>>> print(open('entry.pdb').read())   # PDB, C-alpha atoms and all ligand atoms
ATOM      1  CA  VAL A   1      75.457  97.141 108.770  1.00  0.00           C
ATOM      2  CA  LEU A   2      74.005 100.636 109.143  1.00  0.00           C
ATOM      3  CA  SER A   3      70.707 101.075 110.928  1.00  0.00           C
ATOM      4  CA  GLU A   4      67.803 102.837 109.237  1.00  0.00           C
ATOM      5  CA  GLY A   5      68.445 105.819 111.496  1.00  0.00           C
ATOM      6  CA  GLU A   6      72.078 105.963 110.385  1.00  0.00           C
ATOM      7  CA  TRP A   7      71.073 105.814 106.720  1.00  0.00           C
ATOM      8  CA  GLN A   8      68.630 108.659 107.286  1.00  0.00           C
ATOM      9  CA  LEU A   9      71.438 110.832 108.672  1.00  0.00           C
ATOM     10  CA  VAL A  10      73.653 109.929 105.687  1.00  0.00           C
ATOM     11  CA  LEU A  11      71.038 110.670 103.072  1.00  0.00           C
ATOM     12  CA  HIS A  12      69.801 113.812 104.796  1.00  0.00           C
ATOM     13  CA  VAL A  13      73.214 115.441 104.447  1.00  0.00           C
ATOM     14  CA  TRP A  14      73.697 113.942 100.997  1.00  0.00           C
ATOM     15  CA  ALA A  15      70.497 115.642  99.825  1.00  0.00           C
ATOM     16  CA  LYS A  16      72.195 118.941 100.758  1.00  0.00           C
ATOM     17  CA  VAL A  17      75.326 117.994  98.760  1.00  0.00           C
ATOM     18  CA  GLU A  18      73.263 117.562  95.626  1.00  0.00           C
ATOM     19  CA  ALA A  19      72.339 121.247  95.713  1.00  0.00           C
ATOM     20  CA  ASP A  20      75.859 121.960  94.470  1.00  0.00           C
ATOM     21  CA  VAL A  21      77.369 118.702  93.299  1.00  0.00           C
ATOM     22  CA  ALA A  22      80.113 120.367  91.282  1.00  0.00           C
ATOM     23  CA  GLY A  23      81.351 122.653  94.066  1.00  0.00           C
ATOM     24  CA  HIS A  24      81.499 119.747  96.474  1.00  0.00           C
ATOM     25  CA  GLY A  25      83.343 117.643  93.925  1.00  0.00           C
ATOM     26  CA  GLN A  26      85.928 120.390  93.394  1.00  0.00           C
ATOM     27  CA  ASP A  27      86.457 120.872  97.112  1.00  0.00           C
ATOM     28  CA  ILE A  28      86.789 117.119  97.702  1.00  0.00           C
ATOM     29  CA  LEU A  29      89.243 116.381  94.881  1.00  0.00           C
ATOM     30  CA  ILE A  30      91.350 119.428  95.731  1.00  0.00           C
ATOM     31  CA  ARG A  31      91.485 118.408  99.401  1.00  0.00           C
ATOM     32  CA  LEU A  32      92.468 114.890  98.353  1.00  0.00           C
ATOM     33  CA  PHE A  33      95.245 116.112  96.044  1.00  0.00           C
ATOM     34  CA  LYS A  34      96.614 118.633  98.556  1.00  0.00           C
ATOM     35  CA  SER A  35      96.465 116.329 101.582  1.00  0.00           C
ATOM     36  CA  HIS A  36      97.777 113.284  99.687  1.00  0.00           C
ATOM     37  CA  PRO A  37      99.799 114.322  96.612  1.00  0.00           C
ATOM     38  CA  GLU A  38     100.413 110.695  95.626  1.00  0.00           C
ATOM     39  CA  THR A  39      96.734 110.580  94.651  1.00  0.00           C
ATOM     40  CA  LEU A  40      97.100 113.300  92.020  1.00  0.00           C
ATOM     41  CA  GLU A  41      99.873 111.257  90.406  1.00  0.00           C
ATOM     42  CA  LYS A  42      97.288 108.565  89.565  1.00  0.00           C
ATOM     43  CA  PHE A  43      95.452 111.002  87.235  1.00  0.00           C
ATOM     44  CA  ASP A  44      97.242 111.583  83.934  1.00  0.00           C
ATOM     45  CA  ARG A  45      94.200 113.792  83.309  1.00  0.00           C
ATOM     46  CA  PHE A  46      95.059 116.175  86.188  1.00  0.00           C
ATOM     47  CA  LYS A  47      98.716 115.805  87.116  1.00  0.00           C
ATOM     48  CA  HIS A  48      99.692 118.971  85.197  1.00  0.00           C
ATOM     49  CA  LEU A  49      97.922 120.947  87.947  1.00  0.00           C
ATOM     50  CA  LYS A  50     100.505 122.361  90.365  1.00  0.00           C
ATOM     51  CA  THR A  51      98.620 124.905  92.535  1.00  0.00           C
ATOM     52  CA  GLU A  52      95.261 125.068  94.236  1.00  0.00           C
ATOM     53  CA  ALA A  53      94.292 128.024  92.028  1.00  0.00           C
ATOM     54  CA  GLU A  54      95.016 125.969  88.919  1.00  0.00           C
ATOM     55  CA  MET A  55      92.924 123.123  90.314  1.00  0.00           C
ATOM     56  CA  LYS A  56      90.024 125.475  91.089  1.00  0.00           C
ATOM     57  CA  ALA A  57      90.214 126.897  87.549  1.00  0.00           C
ATOM     58  CA  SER A  58      90.054 123.511  85.785  1.00  0.00           C
ATOM     59  CA  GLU A  59      86.646 122.864  84.254  1.00  0.00           C
ATOM     60  CA  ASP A  60      87.673 119.296  83.509  1.00  0.00           C
ATOM     61  CA  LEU A  61      88.426 118.703  87.221  1.00  0.00           C
ATOM     62  CA  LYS A  62      84.997 120.113  88.082  1.00  0.00           C
ATOM     63  CA  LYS A  63      83.395 117.763  85.568  1.00  0.00           C
ATOM     64  CA  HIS A  64      85.181 114.758  87.039  1.00  0.00           C
ATOM     65  CA  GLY A  65      84.131 115.759  90.541  1.00  0.00           C
ATOM     66  CA  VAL A  66      80.522 115.550  89.368  1.00  0.00           C
ATOM     67  CA  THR A  67      81.200 112.096  87.894  1.00  0.00           C
ATOM     68  CA  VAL A  68      82.645 110.890  91.203  1.00  0.00           C
ATOM     69  CA  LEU A  69      79.940 112.288  93.439  1.00  0.00           C
ATOM     70  CA  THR A  70      77.151 111.103  91.141  1.00  0.00           C
ATOM     71  CA  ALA A  71      78.497 107.552  91.379  1.00  0.00           C
ATOM     72  CA  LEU A  72      78.884 107.815  95.154  1.00  0.00           C
ATOM     73  CA  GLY A  73      75.389 109.255  95.587  1.00  0.00           C
ATOM     74  CA  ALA A  74      73.903 106.359  93.618  1.00  0.00           C
ATOM     75  CA  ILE A  75      75.759 103.950  95.933  1.00  0.00           C
ATOM     76  CA  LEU A  76      74.643 105.685  99.129  1.00  0.00           C
ATOM     77  CA  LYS A  77      71.004 105.755  98.031  1.00  0.00           C
ATOM     78  CA  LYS A  78      71.114 101.935  97.776  1.00  0.00           C
ATOM     79  CA  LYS A  79      71.666 101.801 101.562  1.00  0.00           C
ATOM     80  CA  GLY A  80      74.130  98.946 101.337  1.00  0.00           C
ATOM     81  CA  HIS A  81      72.361  97.076  98.522  1.00  0.00           C
ATOM     82  CA  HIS A  82      75.011  98.307  96.099  1.00  0.00           C
ATOM     83  CA  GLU A  83      76.556  95.183  94.537  1.00  0.00           C
ATOM     84  CA  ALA A  84      75.661  96.201  90.988  1.00  0.00           C
ATOM     85  CA  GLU A  85      77.200  99.632  91.504  1.00  0.00           C
ATOM     86  CA  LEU A  86      80.446  98.441  93.050  1.00  0.00           C
ATOM     87  CA  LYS A  87      81.305  95.708  90.569  1.00  0.00           C
ATOM     88  CA  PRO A  88      82.353  97.989  87.689  1.00  0.00           C
ATOM     89  CA  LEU A  89      83.822 100.596  90.027  1.00  0.00           C
ATOM     90  CA  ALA A  90      86.022  98.083  91.831  1.00  0.00           C
ATOM     91  CA  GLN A  91      87.040  96.517  88.520  1.00  0.00           C
ATOM     92  CA  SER A  92      88.106  99.816  86.969  1.00  0.00           C
ATOM     93  CA  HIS A  93      89.741 101.166  90.107  1.00  0.00           C
ATOM     94  CA  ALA A  94      91.690  97.971  90.855  1.00  0.00           C
ATOM     95  CA  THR A  95      92.661  96.855  87.367  1.00  0.00           C
ATOM     96  CA  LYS A  96      92.731  99.982  85.177  1.00  0.00           C
ATOM     97  CA  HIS A  97      93.305 102.995  87.404  1.00  0.00           C
ATOM     98  CA  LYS A  98      95.413 101.048  89.966  1.00  0.00           C
ATOM     99  CA  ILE A  99      94.016 102.793  93.066  1.00  0.00           C
ATOM    100  CA  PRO A 100      94.988 101.266  96.457  1.00  0.00           C
ATOM    101  CA  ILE A 101      92.203 100.840  99.015  1.00  0.00           C
ATOM    102  CA  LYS A 102      94.184 103.252 101.192  1.00  0.00           C
ATOM    103  CA  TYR A 103      93.496 106.001  98.661  1.00  0.00           C
ATOM    104  CA  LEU A 104      89.775 105.289  99.058  1.00  0.00           C
ATOM    105  CA  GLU A 105      90.300 105.948 102.777  1.00  0.00           C
ATOM    106  CA  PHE A 106      91.906 109.264 101.856  1.00  0.00           C
ATOM    107  CA  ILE A 107      89.007 110.376  99.655  1.00  0.00           C
ATOM    108  CA  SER A 108      86.581 109.286 102.388  1.00  0.00           C
ATOM    109  CA  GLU A 109      88.342 111.654 104.781  1.00  0.00           C
ATOM    110  CA  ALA A 110      88.100 114.458 102.225  1.00  0.00           C
ATOM    111  CA  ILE A 111      84.377 113.840 101.726  1.00  0.00           C
ATOM    112  CA  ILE A 112      83.677 113.960 105.456  1.00  0.00           C
ATOM    113  CA  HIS A 113      85.695 117.138 105.885  1.00  0.00           C
ATOM    114  CA  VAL A 114      83.934 118.979 103.044  1.00  0.00           C
ATOM    115  CA  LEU A 115      80.482 117.883 104.219  1.00  0.00           C
ATOM    116  CA  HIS A 116      81.330 119.205 107.680  1.00  0.00           C
ATOM    117  CA  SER A 117      82.482 122.561 106.274  1.00  0.00           C
ATOM    118  CA  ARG A 118      79.456 123.011 104.024  1.00  0.00           C
ATOM    119  CA  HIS A 119      76.653 121.507 106.151  1.00  0.00           C
ATOM    120  CA  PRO A 120      77.427 121.885 109.866  1.00  0.00           C
ATOM    121  CA  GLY A 121      73.761 121.975 110.899  1.00  0.00           C
ATOM    122  CA  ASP A 122      73.143 118.629 109.159  1.00  0.00           C
ATOM    123  CA  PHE A 123      76.537 117.120 109.906  1.00  0.00           C
ATOM    124  CA  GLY A 124      76.840 117.026 113.650  1.00  0.00           C
ATOM    125  CA  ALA A 125      78.615 114.139 115.318  1.00  0.00           C
ATOM    126  CA  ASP A 126      75.782 111.649 114.847  1.00  0.00           C
ATOM    127  CA  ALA A 127      75.744 112.276 111.110  1.00  0.00           C
ATOM    128  CA  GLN A 128      79.549 112.288 110.918  1.00  0.00           C
ATOM    129  CA  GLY A 129      79.593 108.871 112.553  1.00  0.00           C
ATOM    130  CA  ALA A 130      76.899 107.560 110.240  1.00  0.00           C
ATOM    131  CA  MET A 131      78.678 108.860 107.120  1.00  0.00           C
ATOM    132  CA  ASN A 132      81.917 107.330 108.365  1.00  0.00           C
ATOM    133  CA  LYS A 133      80.093 104.001 108.671  1.00  0.00           C
ATOM    134  CA  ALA A 134      78.634 104.349 105.167  1.00  0.00           C
ATOM    135  CA  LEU A 135      82.037 105.086 103.650  1.00  0.00           C
ATOM    136  CA  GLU A 136      83.600 102.240 105.631  1.00  0.00           C
ATOM    137  CA  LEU A 137      80.964  99.904 104.196  1.00  0.00           C
ATOM    138  CA  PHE A 138      81.822 101.177 100.707  1.00  0.00           C
ATOM    139  CA  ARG A 139      85.519 100.507 101.325  1.00  0.00           C
ATOM    140  CA  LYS A 140      84.883  97.070 102.878  1.00  0.00           C
ATOM    141  CA  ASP A 141      82.854  95.932  99.914  1.00  0.00           C
ATOM    142  CA  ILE A 142      85.276  97.370  97.344  1.00  0.00           C
ATOM    143  CA  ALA A 143      88.166  95.735  99.224  1.00  0.00           C
ATOM    144  CA  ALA A 144      86.510  92.322  98.978  1.00  0.00           C
ATOM    145  CA  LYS A 145      86.295  92.716  95.196  1.00  0.00           C
ATOM    146  CA  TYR A 146      89.910  93.870  95.043  1.00  0.00           C
ATOM    147  CA  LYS A 147      90.894  90.762  97.029  1.00  0.00           C
ATOM    148  CA  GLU A 148      89.038  88.499  94.607  1.00  0.00           C
ATOM    149  CA  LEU A 149      90.973  90.035  91.719  1.00  0.00           C
ATOM    150  CA  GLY A 150      94.357  89.936  93.453  1.00  0.00           C
ATOM    151  CA  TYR A 151      94.712  93.648  94.283  1.00  0.00           C
TER     152      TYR A 151
HETATM  153  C1  LIG B 201      84.407 107.700  96.443  1.00  0.00           C
HETATM  154  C2  LIG B 201      85.384 107.131  95.735  1.00  0.00           C
HETATM  155  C3  LIG B 201      85.435 107.131  94.219  1.00  0.00           C
HETATM  156  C4  LIG B 201      84.429 107.083  93.347  1.00  0.00           C
HETATM  157  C5  LIG B 201      82.928 106.947  93.613  1.00  0.00           C
HETATM  158  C6  LIG B 201      85.011 107.145  92.038  1.00  0.00           C
HETATM  159  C7  LIG B 201      84.289 107.143  90.862  1.00  0.00           C
HETATM  160  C8  LIG B 201      84.868 107.194  89.607  1.00  0.00           C
HETATM  161  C9  LIG B 201      84.124 107.120  88.380  1.00  0.00           C
HETATM  162  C10 LIG B 201      82.585 106.984  88.311  1.00  0.00           C
HETATM  163  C11 LIG B 201      84.992 107.168  87.364  1.00  0.00           C
HETATM  164  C12 LIG B 201      84.645 107.063  85.870  1.00  0.00           C
HETATM  165  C13 LIG B 201      84.304 105.595  85.514  1.00  0.00           C
HETATM  166  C14 LIG B 201      85.363 104.571  85.885  1.00  0.00           C
HETATM  167  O1  LIG B 201      86.502 104.675  85.362  1.00  0.00           O
HETATM  168  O2  LIG B 201      85.107 103.649  86.721  1.00  0.00           O
HETATM  169  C15 LIG B 201      86.328 107.307  87.916  1.00  0.00           C
HETATM  170  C16 LIG B 201      87.489 107.403  87.173  1.00  0.00           C
HETATM  171  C17 LIG B 201      88.750 107.485  87.754  1.00  0.00           C
HETATM  172  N1  LIG B 201      89.038 107.419  89.109  1.00  0.00           N
HETATM  173 FE1  LIG B 201      87.723 107.314  90.642  1.00  0.00          FE
HETATM  174  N2  LIG B 201      86.390 107.234  92.158  1.00  0.00           N
HETATM  175  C18 LIG B 201      86.675 107.220  93.507  1.00  0.00           C
HETATM  176  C19 LIG B 201      87.937 107.292  94.108  1.00  0.00           C
HETATM  177  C20 LIG B 201      89.121 107.435  93.377  1.00  0.00           C
HETATM  178  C21 LIG B 201      90.422 107.705  93.931  1.00  0.00           C
HETATM  179  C22 LIG B 201      90.687 107.878  95.427  1.00  0.00           C
HETATM  180  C23 LIG B 201      91.286 107.796  92.909  1.00  0.00           C
HETATM  181  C24 LIG B 201      92.785 108.101  92.894  1.00  0.00           C
HETATM  182  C25 LIG B 201      93.500 108.418  93.969  1.00  0.00           C
HETATM  183  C26 LIG B 201      90.579 107.560  91.677  1.00  0.00           C
HETATM  184  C27 LIG B 201      91.181 107.520  90.408  1.00  0.00           C
HETATM  185  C28 LIG B 201      90.421 107.499  89.246  1.00  0.00           C
HETATM  186  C29 LIG B 201      90.999 107.639  87.927  1.00  0.00           C
HETATM  187  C30 LIG B 201      92.497 107.800  87.660  1.00  0.00           C
HETATM  188  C31 LIG B 201      89.999 107.639  87.040  1.00  0.00           C
HETATM  189  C32 LIG B 201      90.112 107.852  85.515  1.00  0.00           C
HETATM  190  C33 LIG B 201      90.083 109.380  85.261  1.00  0.00           C
HETATM  191  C34 LIG B 201      90.227 109.697  83.791  1.00  0.00           C
HETATM  192  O3  LIG B 201      91.373 109.705  83.270  1.00  0.00           O
HETATM  193  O4  LIG B 201      89.183 109.930  83.121  1.00  0.00           O
HETATM  194  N3  LIG B 201      89.235 107.370  91.994  1.00  0.00           N
HETATM  195  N4  LIG B 201      86.204 107.310  89.296  1.00  0.00           N
END
>>> encode(input="entry.pdb", output="structure tokens")
Amino acid sequence: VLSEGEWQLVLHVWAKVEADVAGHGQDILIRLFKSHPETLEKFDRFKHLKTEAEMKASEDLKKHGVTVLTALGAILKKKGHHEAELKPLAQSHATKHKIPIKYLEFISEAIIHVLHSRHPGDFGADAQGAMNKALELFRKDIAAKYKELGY
């Protein structure tokens, strides 16, 4: 459970992310795909992309990055009271997209890295720790739904 102070650190940096949702989403998905190429293979939509320049040039990838970060922002703003948000996300990611929990760890790492690059003044160690806790809570709660469903 995050404290109120931890949530404030999380949402303070998140408010900065929302100034450029699409650029963050691009940076995060590209980092994910480059650092963990098995993740790109899960996207029939994107697996034709073979270089970072091609990824950066894809408007469709930029659009999907907005989709991802909009869903995550809605979750974070619930401050842990996110059952209604995680139900459909866990269902689609477990049963349709077939995404291991480990790949959610990978995207969490990419998120933290990009937030640190773009917002150092609002993403010192205290905020890094708080965002790590928020993304761990996300993963814990998704994992419980995966377990229910046999994934
Ligand atoms: C912060 C973590 C993530 C969030 C918030 C998120 C959110 C979303 C959302 C909102 C959608 C569209 C609706 C849906 O299908 O449920 C989506 C689609 C999808 N996601 Fe994620 N996602 C996350 C992590 C991942 C990861 C790590 C992968 C793969 C490694 C992945 C693979 C997919 C795929 C394959 C689709 C379908 C794309 C398409 O063909 O349109 N997601 N995601």
>>> closest_residue(input="entry.pdb", among="A:27, A:59, A:41, A:52", to="residue A:107", atoms="only C-alpha atoms")
A:27
>>> resolve_selection(input="entry.pdb", expression="the PyMOL selection byres (((chain A and resi 130-138) around 7) and not hetatm)", output="list in words")
residues 2, 6, 9, 10, 108, 126, 127, 128, 129, 139, 140, 141 and 142 of chain A
>>> axis_aligned_box(input="entry.pdb", around="ligand LIG 201 (chain B)", padding_each_side="6 Å", output="JSON")
{"center_x": 88.0, "center_y": 106.8, "center_z": 89.8, "size_x": 22.9, "size_y": 18.3, "size_z": 25.3}
>>> closest_residue(input="entry.pdb", among="A:67, A:58, A:51, A:3", to="ligand LIG 201 (chain B)", atoms="all atoms listed in the file")
A:67
>>> closest_residue(input="entry.pdb", among="A:53, A:28, A:13, A:68", to="ligand LIG 201 (chain B)", atoms="all atoms listed in the file")
A:68
>>> closest_residue(input="entry.pdb", among="A:44, A:109, A:83, A:148", to="ligand LIG 201 (chain B)", atoms="all atoms listed in the file")
A:44
>>> resolve_selection(input="entry.pdb", expression="the PyMOL selection byres (((not hetatm)) within 10 of (chain B and resi 201))", output="mmCIF file with C-alpha atoms, keeping the file's coordinate frame")
data_model
loop_
_atom_site.group_PDB
_atom_site.id
_atom_site.type_symbol
_atom_site.label_atom_id
_atom_site.label_comp_id
_atom_site.auth_asym_id
_atom_site.auth_seq_id
_atom_site.Cartn_x
_atom_site.Cartn_y
_atom_site.Cartn_z
ATOM 1 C CA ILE A 28 86.789 117.119 97.702
ATOM 2 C CA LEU A 29 89.243 116.381 94.881
ATOM 3 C CA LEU A 32 92.468 114.890 98.353
ATOM 4 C CA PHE A 33 95.245 116.112 96.044
ATOM 5 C CA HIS A 36 97.777 113.284 99.687
ATOM 6 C CA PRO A 37 99.799 114.322 96.612
ATOM 7 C CA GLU A 38 100.413 110.695 95.626
ATOM 8 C CA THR A 39 96.734 110.580 94.651
ATOM 9 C CA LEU A 40 97.100 113.300 92.020
ATOM 10 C CA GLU A 41 99.873 111.257 90.406
ATOM 11 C CA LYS A 42 97.288 108.565 89.565
ATOM 12 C CA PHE A 43 95.452 111.002 87.235
ATOM 13 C CA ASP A 44 97.242 111.583 83.934
ATOM 14 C CA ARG A 45 94.200 113.792 83.309
ATOM 15 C CA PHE A 46 95.059 116.175 86.188
ATOM 16 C CA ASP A 60 87.673 119.296 83.509
ATOM 17 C CA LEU A 61 88.426 118.703 87.221
ATOM 18 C CA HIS A 64 85.181 114.758 87.039
ATOM 19 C CA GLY A 65 84.131 115.759 90.541
ATOM 20 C CA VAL A 66 80.522 115.550 89.368
ATOM 21 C CA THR A 67 81.200 112.096 87.894
ATOM 22 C CA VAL A 68 82.645 110.890 91.203
ATOM 23 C CA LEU A 69 79.940 112.288 93.439
ATOM 24 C CA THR A 70 77.151 111.103 91.141
ATOM 25 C CA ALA A 71 78.497 107.552 91.379
ATOM 26 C CA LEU A 72 78.884 107.815 95.154
ATOM 27 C CA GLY A 73 75.389 109.255 95.587
ATOM 28 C CA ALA A 74 73.903 106.359 93.618
ATOM 29 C CA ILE A 75 75.759 103.950 95.933
ATOM 30 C CA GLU A 85 77.200 99.632 91.504
ATOM 31 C CA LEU A 86 80.446 98.441 93.050
ATOM 32 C CA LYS A 87 81.305 95.708 90.569
ATOM 33 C CA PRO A 88 82.353 97.989 87.689
ATOM 34 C CA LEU A 89 83.822 100.596 90.027
ATOM 35 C CA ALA A 90 86.022 98.083 91.831
ATOM 36 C CA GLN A 91 87.040 96.517 88.520
ATOM 37 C CA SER A 92 88.106 99.816 86.969
ATOM 38 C CA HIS A 93 89.741 101.166 90.107
ATOM 39 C CA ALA A 94 91.690 97.971 90.855
ATOM 40 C CA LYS A 96 92.731 99.982 85.177
ATOM 41 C CA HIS A 97 93.305 102.995 87.404
ATOM 42 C CA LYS A 98 95.413 101.048 89.966
ATOM 43 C CA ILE A 99 94.016 102.793 93.066
ATOM 44 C CA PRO A 100 94.988 101.266 96.457
ATOM 45 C CA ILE A 101 92.203 100.840 99.015
ATOM 46 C CA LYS A 102 94.184 103.252 101.192
ATOM 47 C CA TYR A 103 93.496 106.001 98.661
ATOM 48 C CA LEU A 104 89.775 105.289 99.058
ATOM 49 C CA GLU A 105 90.300 105.948 102.777
ATOM 50 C CA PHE A 106 91.906 109.264 101.856
ATOM 51 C CA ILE A 107 89.007 110.376 99.655
ATOM 52 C CA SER A 108 86.581 109.286 102.388
ATOM 53 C CA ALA A 110 88.100 114.458 102.225
ATOM 54 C CA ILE A 111 84.377 113.840 101.726
ATOM 55 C CA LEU A 135 82.037 105.086 103.650
ATOM 56 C CA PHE A 138 81.822 101.177 100.707
ATOM 57 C CA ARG A 139 85.519 100.507 101.325
ATOM 58 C CA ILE A 142 85.276 97.370 97.344
#
>>> closest_residue(input="entry.pdb", among="A:47, A:145, A:119, A:31", to="residue A:14", atoms="only C-alpha atoms")
A:119
>>> atom_distance(input="entry.pdb", atom1="atom CA of residue A:19", atom2="atom CA of residue A:48")
29.4 Å
>>> atom_distance(input="entry.pdb", atom1="atom CA of residue A:57", atom2="atom CA of residue A:26")
9.7 Å
>>> closest_residue(input="entry.pdb", among="A:77, A:24, A:63, A:12", to="residue A:115", atoms="all atoms listed in the file")
A:24
>>> atom_distance(input="entry.pdb", atom1="atom CA of residue A:56", atom2="atom CA of residue A:25")
10.7 Å
>>> build_atoms(input="entry.pdb", residues="stretch 6-18 of chain A", atoms="N, CA, C and O atoms", output="mmCIF file, in the frame of the given file")
data_model
loop_
_atom_site.group_PDB
_atom_site.id
_atom_site.type_symbol
_atom_site.label_atom_id
_atom_site.label_comp_id
_atom_site.auth_asym_id
_atom_site.auth_seq_id
_atom_site.Cartn_x
_atom_site.Cartn_y
_atom_site.Cartn_z
ATOM 1 N N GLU A 6 70.794 105.533 110.924
ATOM 2 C CA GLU A 6 72.078 105.963 110.385
ATOM 3 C C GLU A 6 71.963 106.309 108.903
ATOM 4 O O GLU A 6 72.482 107.345 108.462
ATOM 5 N N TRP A 7 71.266 105.477 108.124
ATOM 6 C CA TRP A 7 71.073 105.814 106.720
ATOM 7 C C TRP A 7 70.328 107.125 106.559
ATOM 8 O O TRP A 7 70.646 107.905 105.653
ATOM 9 N N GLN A 8 69.346 107.401 107.425
ATOM 10 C CA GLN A 8 68.630 108.659 107.286
ATOM 11 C C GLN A 8 69.554 109.849 107.502
ATOM 12 O O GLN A 8 69.459 110.846 106.785
ATOM 13 N N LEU A 9 70.474 109.753 108.460
ATOM 14 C CA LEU A 9 71.438 110.832 108.672
ATOM 15 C C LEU A 9 72.338 111.019 107.451
ATOM 16 O O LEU A 9 72.633 112.156 107.045
ATOM 17 N N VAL A 10 72.802 109.906 106.877
ATOM 18 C CA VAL A 10 73.653 109.929 105.687
ATOM 19 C C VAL A 10 72.941 110.612 104.531
ATOM 20 O O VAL A 10 73.492 111.511 103.875
ATOM 21 N N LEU A 11 71.717 110.183 104.258
ATOM 22 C CA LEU A 11 71.038 110.670 103.072
ATOM 23 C C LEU A 11 70.470 112.062 103.279
ATOM 24 O O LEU A 11 70.281 112.780 102.291
ATOM 25 N N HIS A 12 70.250 112.460 104.532
ATOM 26 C CA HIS A 12 69.801 113.812 104.796
ATOM 27 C C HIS A 12 70.884 114.815 104.441
ATOM 28 O O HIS A 12 70.621 115.808 103.756
ATOM 29 N N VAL A 13 72.129 114.556 104.853
ATOM 30 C CA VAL A 13 73.214 115.441 104.447
ATOM 31 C C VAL A 13 73.522 115.298 102.960
ATOM 32 O O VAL A 13 73.822 116.282 102.279
ATOM 33 N N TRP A 14 73.426 114.090 102.416
ATOM 34 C CA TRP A 14 73.697 113.942 100.997
ATOM 35 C C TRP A 14 72.725 114.744 100.149
ATOM 36 O O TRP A 14 73.113 115.277 99.104
ATOM 37 N N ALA A 15 71.456 114.839 100.575
ATOM 38 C CA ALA A 15 70.497 115.642 99.825
ATOM 39 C C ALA A 15 70.924 117.103 99.765
ATOM 40 O O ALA A 15 70.596 117.806 98.797
ATOM 41 N N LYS A 16 71.644 117.586 100.783
ATOM 42 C CA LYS A 16 72.195 118.941 100.758
ATOM 43 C C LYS A 16 73.360 119.043 99.777
ATOM 44 O O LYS A 16 73.556 120.088 99.154
ATOM 45 N N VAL A 17 74.166 117.976 99.649
ATOM 46 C CA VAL A 17 75.326 117.994 98.760
ATOM 47 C C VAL A 17 74.861 118.187 97.332
ATOM 48 O O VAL A 17 75.499 118.883 96.525
ATOM 49 N N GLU A 18 73.754 117.546 96.989
ATOM 50 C CA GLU A 18 73.263 117.562 95.626
ATOM 51 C C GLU A 18 72.721 118.930 95.216
ATOM 52 O O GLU A 18 72.393 119.134 94.037
#
